[PDB]
Every structure is written in C-alpha cells, then in structure tokens.
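Following: one structure in structure tokens, then a few remarks.
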Amino acid sequence: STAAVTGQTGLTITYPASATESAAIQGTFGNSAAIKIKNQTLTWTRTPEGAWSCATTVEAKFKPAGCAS
Amino acid sequence: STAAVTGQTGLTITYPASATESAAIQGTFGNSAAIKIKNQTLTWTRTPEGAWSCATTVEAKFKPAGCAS
Amino acid sequence: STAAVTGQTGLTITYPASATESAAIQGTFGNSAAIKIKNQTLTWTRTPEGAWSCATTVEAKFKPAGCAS
Amino acid sequence: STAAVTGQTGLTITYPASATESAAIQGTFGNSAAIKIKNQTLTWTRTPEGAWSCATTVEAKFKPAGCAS
Amino acid sequence: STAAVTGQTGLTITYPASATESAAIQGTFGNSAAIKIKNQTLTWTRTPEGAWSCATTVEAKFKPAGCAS
Amino acid sequence: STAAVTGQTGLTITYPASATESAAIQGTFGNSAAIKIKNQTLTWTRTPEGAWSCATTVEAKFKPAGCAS
Amino acid sequence: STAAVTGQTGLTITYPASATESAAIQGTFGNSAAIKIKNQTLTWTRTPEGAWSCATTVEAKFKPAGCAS
Amino acid sequence: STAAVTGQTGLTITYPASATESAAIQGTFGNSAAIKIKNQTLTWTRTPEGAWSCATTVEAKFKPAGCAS
Amino acid sequence: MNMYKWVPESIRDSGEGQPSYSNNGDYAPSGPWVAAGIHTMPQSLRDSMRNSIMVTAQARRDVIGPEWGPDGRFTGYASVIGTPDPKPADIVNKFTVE
Amino acid sequence: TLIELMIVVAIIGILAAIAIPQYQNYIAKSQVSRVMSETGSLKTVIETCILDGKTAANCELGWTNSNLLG
Amino acid sequence: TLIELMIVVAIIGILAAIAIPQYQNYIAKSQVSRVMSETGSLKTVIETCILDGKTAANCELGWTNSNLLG
Amino acid sequence: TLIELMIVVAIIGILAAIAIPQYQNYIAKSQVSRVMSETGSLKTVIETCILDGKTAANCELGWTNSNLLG
Amino acid sequence: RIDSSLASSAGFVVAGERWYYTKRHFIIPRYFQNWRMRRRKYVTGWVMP
C-alpha cells in the first residue's frame, strides 16, 4: 500500500529521512513458509549513494548465489 | 481466440467495460478432470486497483497454498 | 474387456458416473470353485473419497483376515 | 488545427477574449488510455499575468510531481 | 545435435522455413521400446500461429489423456 | 548511411524533393526477426505540412496502440 | 554431505574444476547388496558439454534397460 | 567507480584519449557464472564516430542474437 | 552481393562426440553398442581425423556453390545467393603458324 | 517415487502463487506524464497568439491527432 | 506397490500436457515495438534535413545496424 | 505375484533413465544475456563522458558489483 | 555440427558402420560428431589479368 505502512505484517519498509542514512526492504517469512525458515528475516538494503545490496539470515544451503553475503 | 468469445467452453473471461468493475478469469473443470472435482470452478479475479487474487470451489484438501483463500 | 462389459459373466464392474457414487468390483464364484462356495461372491468397493474396502459373503471360517468384515 | 476548433474531440482549449480572462488547455484521456483514467482530464491553465500552472483529475498516486496541484 | 539433423535416428524435426508452414517434432519408437510399439510414432505439431498440438499412432488403451486428439 | 542511400538493406528513406511530396521512413523485418513477420514492413510517413504518422503490415494482434492505424 | 567429501564410504563424486573436465557420480555396491555384486561399481558420467551418460561394471543380465550397455 | 578504475576486477574500460581511437567496455565471466563459460569475455565497443556494437568469445549456442559476430 | 563460403581454420574438436564402446569385445559389425567417453581414443588419431575433415571441407573447393548433404554428409558447405557471379570469360586468342 | 513429482507440483504451486504488484500504477503514470508533455508543448503557440493579439480562429495550432486524446 | 507407480505416470502425462500459450504474439510484438524505437529515432534527422533544405545526398544519417533489419 | 513386482522394477528403471535435455546450454545463455545487459547500461555514461570531454579518471560510473564478475 | 564423417577410416577397423580404432571401441562419425564446422556469407569480385 504505502511505504510508511504496508498491508502485510510480514513486509516492512525502511524509508530514509535524511541523505546520510540507508533504506531497507525487510521481509520475514511465515504463514505458508517452510517451518525450518519460518522465522528467518530477508531484507534488501540501499546505500545513500544509490547502491542496492542483498542479504539474508537464512542458511547457506537456502541462500541464492545473488544474496550469498 | 479472444476474451469476448474464448476458444474453450470451460474458460470464461469477465471483461470490465468501466473503471469500477472487476475482471474475472473463471476456469471450470471437466472432461479429463477428476470425477470428484468434475463440476467445480477455478477463478482469477482482479480488483480495479490492479490486485489479483485466486478463488476455488474445490475442497480444502485439494486446494494449494496459493489459492487456499 | 472394458468396465462396461467384461470378458466373463462372473466379473462385474460398477463404474461411478457422478462425484457422489462409489465404484464396486464384484466377483461371484463358479465354474472351478468349490461346491460349498459355488454361488458365493467377493466384492471390492471404493468410496467416493478414495477409500477401498473388501466385503465377502462366504462363511466365517473361509474368510481371511483381509476381508474379515 | 486552430484554437477555436481542433482535430480531436477530446482536446479543447479555453482562449481568453480579453485581458481579464485566463488561457487553459484541457485534454481528456480515453481510447488508448488506461480504463482507470478513462474519463479523467488534465489541464494547463495560464494566468492573465502570463503564469502557467498544471492540474489534473487523475488520482494522487498517478499524478506526476509537476502537476501535484 | 542440430535441428537439421540430430544424433538419434528415431528423432526428426521439421523446421519451418516460411510463415505459412507448421513445425513438427517426430519421435519413432525402437531400440529398447516394446515390440508391439516398435514402429509406431509420436509427434508434436506446432501450428504457425504459435499453438502446439500432439498426436500419435499408438492404440487407445496405451494412449494417455495428454494426446487424445 | 545517408537519406539517399543507407548502410542497411532493410531500411528505406524517402527524401522529398518538393513542397507537395511526403517524406517517408521504411523498415523491413528480417535476419533476427520472427519468421511470421519475416517479410513484413513498418513505415513512418511525413506529410508535406510536417505530420508524422505510423503504419504497419503486421497482423492486428501484433500491432500496439502506437501504430494500430 | 558435500561434493568433495560425503558421509558414506560407498559414494564418490568427481567434480570438474574447468570447462573441459567431466563430472562423475560413482557408487560401489556393498553392505546390503548381493554377494555376487559385493564389489561392483556403478557410475554416472557427465560430459563437459552437459550430456549425462550411464556406465556400469555389473553383468549384462543385471543391467537395466536404460543403462543396458 | 570511475572509468580509469572500477569496483570490480572483471570489468575493464577502454577510455579513449584521442579523436582517432575507439572506446570499449569488456566484462569477464566468472564467480557465479557457469564453469563452461568461465574466463570468457564479452565486450561492448564504441567507434570514435559513435556506433556501438557487441561481441563475445562464448560458444555460438551461448551467443545471443544481438551479440552474434 | 553475397555468397556463402566456408570459414577455414575456425573449426575445433569441441568434444561433444561419444565413441561407441563395443559390447562384443571384437570387430563384430553388429551387436549392442555403448556410448563411451571421448578421452578413450588417442589424441593423435583425433587430430589426424580432424585434419582430414578440414582438408575434405576447405581444400576441396574454395569459392563454389557446392551441394549440401541431403543426409548431412557434406564435404565443405558453401552457397551462392541469387544469380551466381560469372567468370569474366576466359579470353582465348588464336594465332596459327602458316 | 511419488515424492519427487509431488515436490515438483508444490514447486509449481509456489511459482504460480507469486505476488504480482500493481502494474496499473506504472502504466497510468506514464500515460499522464506523456500527455503532460503534449499539453505543455502547445503552451508556446498559445502564449504568442495571446501576445500577438490574434483571434482564437486566427491562431493556427500545430497539434496532431494522437492515440491519447488528452 | 503396483498402483503406486502409475500415479507418477498419470502425473507425468498430466504435467506433459500443460497448455503452452501462443508466445509468438509476445515476442513478435516486442520485436515490432523495438523496430519503432529504431525507426522513430531517425525522425529527428529527417525533419531537420528537410527544414535545413539539404538534399538527400547531403542528409547525414546516424543509423546503426540492427539485427532486425528494421 | 512375482510378475507384478518385476513390472514395478521395469517401471522404475524406465523412469530413471529419462534423457537430460542438456540444461547447460540453457543456463549459459541466460548468464551471457545478463552480463551484456549490465555492460549495455554502461554505454550511457561512457558515451557522454566522451562527448563532454572528461578524462578517464574524471568519468563517474554508477556501476554495481555483479556476482557474475560483470 | 551436422555430420563429421568427411575423414576416411585411416587407423580404424572397418566393420559395417563401425570404425574400430581399437579392439574394444569404435566410432560412427555419422553420429560421432564433435566438430563445429563454420560457414560465412562472403563477398568476392572478379579481376581479369
């Protein structure tokens, strides 16, 4: 719906309030997700200069090569 | 095949002629479908805002996680 | 040899036509069967939900554990 | 074509007849436009002092940053 | 293995050289296939409109629901 | 490449010589283009008064709203 | 269980390190296998081009149809 | 980072210094790329006149139609 | 104008070809056959046969419109597009000794 | 094995149930923004027509018919 | 476990008969739409050349080769 | 019956011996298409730097490190 | 790729379609294909001496 508040409980949006702080698109698994990864967190962060990078707390078996960090 | 008159008798398309009505893609089982779910229907409905959702009339044990609603 | 008509008269197949009927595979003894069980029968019935069960009209001593009902 | 009459029915222009009236260019969506904005209008109004400002009836989320008036 | 000629003698593909001819992929049984179907063929037909169709020369009871036409 | 002669065979440029003849840009599909439209052409013509318009010989289902004239 | 080292002594994996090396998945029978095939070796070899092919050292009468040498 | 020095080792930029030399952007496959196409290079070259084109050292079946030699 | 021509020295032994392991263990023309790895056969023989194929393909005809193999067994594939370009004719000039 | 194929169906179940974001926002904004340019393009002609004193019928417009009537 | 295996065979036949929509509409339309971008980019050159008064031979065209020949 | 189980055995061997469609060709092409797209977007910045007159060290590149080594 | 049987059977034992390069293996270059034969679309002109 909006960046400030979303219509899903499992999705959170971090909006930058200044030019010297980063933005994050964090999502936590749940509902129909696998029980092993039921409570893992997955976020997409953006540096203030305009660089997007991907990271997650899931196990290295489950990590894609594009987010192996 | 067009949306107004589809090429299959089991596929029905609800075309919205205005900005306030919703579109629906209804698919009814039959022919090669299982006898238990022979006369059930599966539909894809789209809100005017652009949000798609799935509904099905089959039993819960046959409903996938996507169309459990 | 189809479900509608079998190769022999001693085998009968009850094929359901709707989602609420049950299948039945009934076989009546004869020909080379014993005189005691000359006119007995054994039937395999299938519930519409997908459960198979066995029923037999032979005496208790001739009933195995498989169709002991 | 001309300010009095144009080659398109969906575009009309309000040409002032004196020094105390304003100039406005109005265009209505449709045809190949999105159905959600089928009958919405966007206007460029010119103040009699010579200042131009843009306004439209399209929803806020679809409004460009330049016509957020 | 190219479309013009492949590494297997039992497989051939008709490539469309124009816009008014259909594409076809033909597979002839053999080698370790059953002797009763040692010379029957299964083919995939692609209409020039972009639609895929299937047909085969095997008997009805051996024919699954996937290529009933 | 010039207006009179171009470096590509599939591009044709009609340069007007008087105030009554219309300018035109002609392009023919091929090479890596789809086989269905392998020999179709799309053209942009410019009227003597200076109006640019587009037309194409592809099927209706291949024409976007831009050139579905 | 990783490719370089696994948790079972009867399974070995040959992992290519360059574009010209071929993968191999070899399994040696034993433990619960037949005494006649107590030390036979079963391997899957993968060409660098991406083609999987089968080879085994068991007798011909024990080779299945797919891997019938 | 910059044309002279970038943030990735596999990326090289050929920045022209005179009006009679070309510009090139070359990328080398590796890390998360396929082992088969490892160490190969794809380059985007620019003539001093202003025309761009693509080339690559991968196999033909891996070459996209827009980068075919 | 254009004509299709062979590309000499641009063909490599890629290795996507499997020599056939013989089940019979001898030179029997028939019998079941296997798909064996390319590394089994010597590299010298591979180079010799590749060189023979290259000679057969390129050296047999440099600039001609030959025939493409109906079963794919061509020996150097080239083509001529449109009307083939004719030799400016061989200018025979005759002088007879009286 | 009935487990590999069943897992495949679940994977097919997962892939088909992907969340599709509202692409209507992107399309509608592009149409309005493009129309914004066309309507703003005729400003130059209107200004001088007003400043030169030409009448509404005497002001010639170089407007062309477009797919979007806006 | 005889009846167990042909469940996969039924599943394999079910999945193999999956409907394939006509992707030719999508690819060709994208190819046709791309051609317009290549074709429409030359409108500026042609319009300037005509208004400049130069002839066909004097109109320099910055056309780059396209794999679609459009 | 003994015949029934060998029939299951024949089914298992047949199913497991399905031919691999050589997915290396599919995967490799997709990665190549990805790499040229990123360096393709790099054409915009380099072109203007040449047309502006800036030096190699003075040209700003908004490049992001790629897992495929670019 | 097509077919790479252009080479003869030098060093092979000929047994029908089988080119036995060894006592235990043979090849069928009609199917044994591992060469990517290349063809281009050249341009050429005629010069008279």
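All residue names refer to the structure tokens as shown: chains lettered A, B, ... in order, residues numbered from 1 in each chain, ligands numbered from 1 in order.
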
RMSD after least-squares fit, chain D onto chain G [all C-alpha atoms, in order]: 0.6 Å

Contact residues (chain F, partner chain K, 7 Å, only C-alpha atoms) as a VMD selection string: chain F and resid 1 to 4 8 10 to 11 15 27 to 34 61 to 63

Gap from CA of residue 7 in chain G to CA of residue 19 in chain L - Å, one decimal: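 Those two atoms sit 28.5 Å apart.
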
Residues of chain D in strand (DSSP E), written as a VMD selection string: chain D and resid 11 to 14 23 to 28 41 to 46 52 to 56

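Among the residues of chain I, backbone DSSP assigns helix (DSSP H, G or I) to residues 38, 39, 40, 43, 44, 45, 46, 47, 48, 49, 50, 51, 52, 53, 54, 55, 56, 57, 58 and 59 of chain I.
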
For CA of residue 25 in chain D and CA of residue 45 in chain F, the interatomic separation in Å (one decimal): 28.0 Å

Interface rows for chain M against chain E: nearest pair, Å to one decimal, 12 Å, only C-alpha atoms, as JSON lines:
{"residue": "M:1", "atom": "CA", "partner": "E:2", "partner_atom": "CA", "distance": 6.8}
{"residue": "M:2", "atom": "CA", "partner": "E:5", "partner_atom": "CA", "distance": 5.9}
{"residue": "M:3", "atom": "CA", "partner": "E:5", "partner_atom": "CA", "distance": 8.3}
{"residue": "M:4", "atom": "CA", "partner": "E:7", "partner_atom": "CA", "distance": 11.7}
{"residue": "M:28", "atom": "CA", "partner": "E:7", "partner_atom": "CA", "distance": 10.4}
{"residue": "M:29", "atom": "CA", "partner": "E:7", "partner_atom": "CA", "distance": 10.0}
{"residue": "M:30", "atom": "CA", "partner": "E:7", "partner_atom": "CA", "distance": 8.3}
{"residue": "M:31", "atom": "CA", "partner": "E:7", "partner_atom": "CA", "distance": 5.3}
{"residue": "M:32", "atom": "CA", "partner": "E:7", "partner_atom": "CA", "distance": 7.9}
{"residue": "M:33", "atom": "CA", "partner": "E:7", "partner_atom": "CA", "distance": 8.0}
{"residue": "M:34", "atom": "CA", "partner": "E:1", "partner_atom": "CA", "distance": 9.5}
{"residue": "M:35", "atom": "CA", "partner": "E:1", "partner_atom": "CA", "distance": 10.9}
{"residue": "M:36", "atom": "CA", "partner": "E:1", "partner_atom": "CA", "distance": 10.4}

Please dump the current selection as a compact mmCIF listing (two decimals), in the first residue's frame; keep C-alpha atoms.
# COMPACT_ATOMS: atom_id res chain seq x y z
CA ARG M 1 27.70 -29.78 -36.48
CA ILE M 2 25.58 -31.93 -38.83
CA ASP M 3 27.98 -34.74 -39.80
CA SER M 4 31.77 -35.04 -39.50
CA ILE M 28 30.33 -43.71 -36.15
CA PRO M 29 31.16 -40.14 -37.29
CA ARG M 30 27.75 -40.10 -38.94
CA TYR M 31 26.70 -39.87 -35.28
CA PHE M 32 30.13 -39.33 -33.63
CA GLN M 33 30.02 -35.55 -34.07
CA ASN M 34 32.32 -33.24 -32.12
CA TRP M 35 33.35 -30.58 -34.69
CA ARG M 36 31.61 -27.23 -35.21

Considering only C-alpha atoms, give me a table of residues in chain K that are at most 12 Å from chain L, with the closest atom pair and distance in Å for each, as a tab-separated table.
residue	atom	partner	partner_atom	distance
K:1	CA	L:8	CA	7.3
K:2	CA	L:8	CA	6.0
K:3	CA	L:8	CA	9.1
K:4	CA	L:8	CA	9.1
K:5	CA	L:8	CA	7.1
K:6	CA	L:11	CA	8.6
K:7	CA	L:11	CA	11.6
K:8	CA	L:15	CA	9.4
K:9	CA	L:15	CA	8.9
K:12	CA	L:15	CA	10.0

Dump of N, CA and C atoms for the selected residues, as a PDB file, in the first residue's frame:
ATOM      1  N   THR K   1       3.789 -52.828  -4.798  1.00  0.00           N
ATOM      2  CA  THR K   1       3.348 -51.444  -4.939  1.00  0.00           C
ATOM      3  C   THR K   1       3.075 -51.103  -6.400  1.00  0.00           C
ATOM      4  N   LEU K   2       2.197 -51.882  -7.039  1.00  0.00           N
ATOM      5  CA  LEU K   2       1.940 -51.683  -8.461  1.00  0.00           C
ATOM      6  C   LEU K   2       1.209 -50.371  -8.721  1.00  0.00           C
ATOM      7  N   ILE K   3       0.089 -50.142  -8.032  1.00  0.00           N
ATOM      8  CA  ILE K   3      -0.737 -48.966  -8.304  1.00  0.00           C
ATOM      9  C   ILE K   3      -0.003 -47.687  -7.926  1.00  0.00           C
ATOM     10  N   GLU K   4       1.043 -47.800  -7.107  1.00  0.00           N
ATOM     11  CA  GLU K   4       1.755 -46.619  -6.633  1.00  0.00           C
ATOM     12  C   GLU K   4       2.498 -45.924  -7.771  1.00  0.00           C
ATOM     13  N   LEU K   5       3.103 -46.704  -8.672  1.00  0.00           N
ATOM     14  CA  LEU K   5       3.993 -46.130  -9.681  1.00  0.00           C
ATOM     15  C   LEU K   5       3.230 -45.407 -10.789  1.00  0.00           C
ATOM     16  N   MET K   6       2.108 -45.969 -11.254  1.00  0.00           N
ATOM     17  CA  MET K   6       1.390 -45.333 -12.358  1.00  0.00           C
ATOM     18  C   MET K   6       0.723 -44.033 -11.924  1.00  0.00           C
ATOM     19  N   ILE K   7       0.701 -43.754 -10.619  1.00  0.00           N
ATOM     20  CA  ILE K   7       0.312 -42.424 -10.166  1.00  0.00           C
ATOM     21  C   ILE K   7       1.279 -41.385 -10.721  1.00  0.00           C
ATOM     22  N   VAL K   8       2.578 -41.692 -10.691  1.00  0.00           N
ATOM     23  CA  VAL K   8       3.572 -40.831 -11.329  1.00  0.00           C
ATOM     24  C   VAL K   8       3.345 -40.779 -12.834  1.00  0.00           C
ATOM     25  N   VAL K   9       3.051 -41.930 -13.446  1.00  0.00           N
ATOM     26  CA  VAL K   9       2.807 -41.973 -14.886  1.00  0.00           C
ATOM     27  C   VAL K   9       1.615 -41.097 -15.249  1.00  0.00           C
ATOM     28  N   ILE K  12       2.966 -37.606 -14.803  1.00  0.00           N
ATOM     29  CA  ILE K  12       3.834 -37.229 -15.918  1.00  0.00           C
ATOM     30  C   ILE K  12       3.002 -36.863 -17.139  1.00  0.00           C
TER      31      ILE K  12
END

Proximal residues of chain H relative to chain F (only C-alpha atoms; 12 Å) as an MDAnalysis selection string: chainID H and resid 51 64:68

Closest of I:28, I:53, I:59, I:38 to chain G - atom-to-atom distances counting only C-alpha atoms: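 Nearest candidate to chain G out of I:28, I:53, I:59, I:38: I:38.
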
Proximal residues of chain I relative to chain H (only C-alpha atoms; 12 Å) as an MDAnalysis selection string: chainID I and resid 11:12 14
